[PDB]
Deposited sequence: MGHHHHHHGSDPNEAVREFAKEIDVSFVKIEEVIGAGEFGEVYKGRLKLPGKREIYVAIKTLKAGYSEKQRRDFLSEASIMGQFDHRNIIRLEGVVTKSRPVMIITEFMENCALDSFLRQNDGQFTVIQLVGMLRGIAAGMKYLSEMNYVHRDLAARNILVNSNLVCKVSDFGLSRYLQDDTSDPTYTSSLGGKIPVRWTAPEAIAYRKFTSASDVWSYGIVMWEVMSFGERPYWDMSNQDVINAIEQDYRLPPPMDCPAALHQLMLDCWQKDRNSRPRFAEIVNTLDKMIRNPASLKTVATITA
């Protein structure tokens, strides 16, 4: 496999560790392409002593990422595959993961600022689903935030090209974000991603509270089966909670598509009366 965004190792300058990934750390760095202004980047690495299987799974994320060019999808700046160490280089995201950003900034943002963050996420998901992909890991922890509150879908490891994806495993899926049919049958569609989006909406409107709080994974599966749904967060507009309930419809076919979600949010942003009743 050849990567269009392959970069020479000399173009990257690795700085401090900013996180931990499945295969190795994520660093802050600087990318200097010839004749272009230097930029800040984030660098995903693969720990030394990796197996060939680990290298393949690591680079399969870069192959998926390299197919996307959207404002609300983490941008691939470069890939290092022909030199050592192997790296995935993306645009730097100052405010890190969405869930931890919101918890560290509880009550700092207005309803309209939060709706703007949600609109960006739904826009990135509309793009991904229309490219015929299922994410399967949509959670606030897998959304990155920049300095101007622009939210971007990241973490494409579980992503699959579709329309249903039927998985071979069950111990990899994050239960409290996963649609009941995807838990029961390992059947992932864009509609199961819509379910996850509804959970992300709840995470955002509650300033990063854990979905279903302390309830075990088993308790969550059981509650969803008995038609329980998460209550509206503190001071949440009724129209936004209604949209969450629409994303959580038992029948996947009754759920809105990402194109309808974007449209609903665009109308709310333009109609202040819609975000007024709680």
Which parts of the deposited chain sequence are absent from the coordinates, listed in sequence order? 1-16, 179-184, 301-305
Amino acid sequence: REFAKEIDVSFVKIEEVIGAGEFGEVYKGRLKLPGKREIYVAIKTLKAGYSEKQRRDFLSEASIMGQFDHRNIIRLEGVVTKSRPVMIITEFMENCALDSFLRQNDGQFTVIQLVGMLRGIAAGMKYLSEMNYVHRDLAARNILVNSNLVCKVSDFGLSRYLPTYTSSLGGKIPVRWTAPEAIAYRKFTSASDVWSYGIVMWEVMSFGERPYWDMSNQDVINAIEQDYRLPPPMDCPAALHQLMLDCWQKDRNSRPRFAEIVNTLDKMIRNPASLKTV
From here on, numbers count along this sequence of modelled residues.
With B-factors read from the PDB entry, the higher C-alpha mean of 59-67 and 31-39 is in 31-39
122-130 versus 103-111 - greater average Cα B-factor per the deposited record: 103-111
Selection by C-alpha B-factor (highest) of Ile173, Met205, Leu138, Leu76: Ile173
If you rank every modelled residue in this chain by C-alpha B factor, which third holds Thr81: lowest, middle or highest? middle
Split the chain's modelled residues into thirds by Cα B-factor; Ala179 lands in the middle
In terms of its chain's C-alpha B-factors, the third that includes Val17 is the middle
Compare the C-alpha B factor of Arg186 with those of the other modelled residues in its chain, then answer lowest, middle or highest third. highest
Considering every modelled residue of the chain and its Cα B-factor in the PDB entry, is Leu162 in the lowest, middle or highest third? highest
